[PDB]
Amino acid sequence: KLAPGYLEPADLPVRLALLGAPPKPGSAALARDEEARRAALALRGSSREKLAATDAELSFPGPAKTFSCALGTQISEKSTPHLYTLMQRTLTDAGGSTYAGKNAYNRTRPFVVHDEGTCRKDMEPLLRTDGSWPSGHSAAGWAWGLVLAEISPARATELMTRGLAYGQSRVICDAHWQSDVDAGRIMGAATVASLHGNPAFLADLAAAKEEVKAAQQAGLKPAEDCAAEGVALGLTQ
């Protein structure tokens, strides 16, 4: 159910070297995670939580739909085949697929710690047994934001903001801690640096730039309710 990643395992960024240990028990860092959790759970029942629910969808075309409004055009196999492929393959590179248990911290997720629910009840049987470190959604979101921003520089701010919000959706969903979302962005940026050393990624990147240019010049607007996503995001950037 996973596309081949661009990167060989030996070329993946090394979590242990790049990341610090998770917040220790009794630490202010852990208190910051609980504070972020409490602030996030205040949004339970809101449109932002509902957007966090669709942000959790990693099965394509999930991510493609999620980033279309920020891109200004629809990401699809028909319109942007190379960009679509790039997002699928970089999900493997940046996401939870690389986060093995060996040489990794085991992270008990917030909703398990506090015996409460998430914004995606259907994904919980998987997440309960999952202690991935850091947040793979966060890493993929930031990686997607950084690559897409390079693909369409005229929408760089919208795309990078959307990629950051994608990681924040994991806190709002009560699926992972703030610190793991923050650490996810370190891995996401690092993975993008490695991808720029990969000729296969670079070829798809170059083709995606032409696809997006062609779609925007032809006036293809996103096939998503960008108004509703904007409201859910709050914007006021």
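Sequential numbering from 1, following the sequence displayed.
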| item | value |
| --- | --- |
| 125-133 versus 110-118 - greater average Cα B-factor per the deposited record | 125-133 |
| Mean temperature factor over C-alpha atoms, higher-scoring stretch between 33-41 and 181-189 | 33-41 |
| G197, C-alpha B-factor rank within chain (lowest, middle or highest third) | lowest |
| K102 - which third its CA temperature factor falls in, relative to the rest of the chain | highest |
| CA B-factor ranking of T73, expressed as a third of its chain | highest |
| Chain third (lowest, middle, highest) by recorded CA B-factor, residue given as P153 | middle |
| Assigned third (lowest, middle, highest) for the C-alpha B factor of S59 | highest |
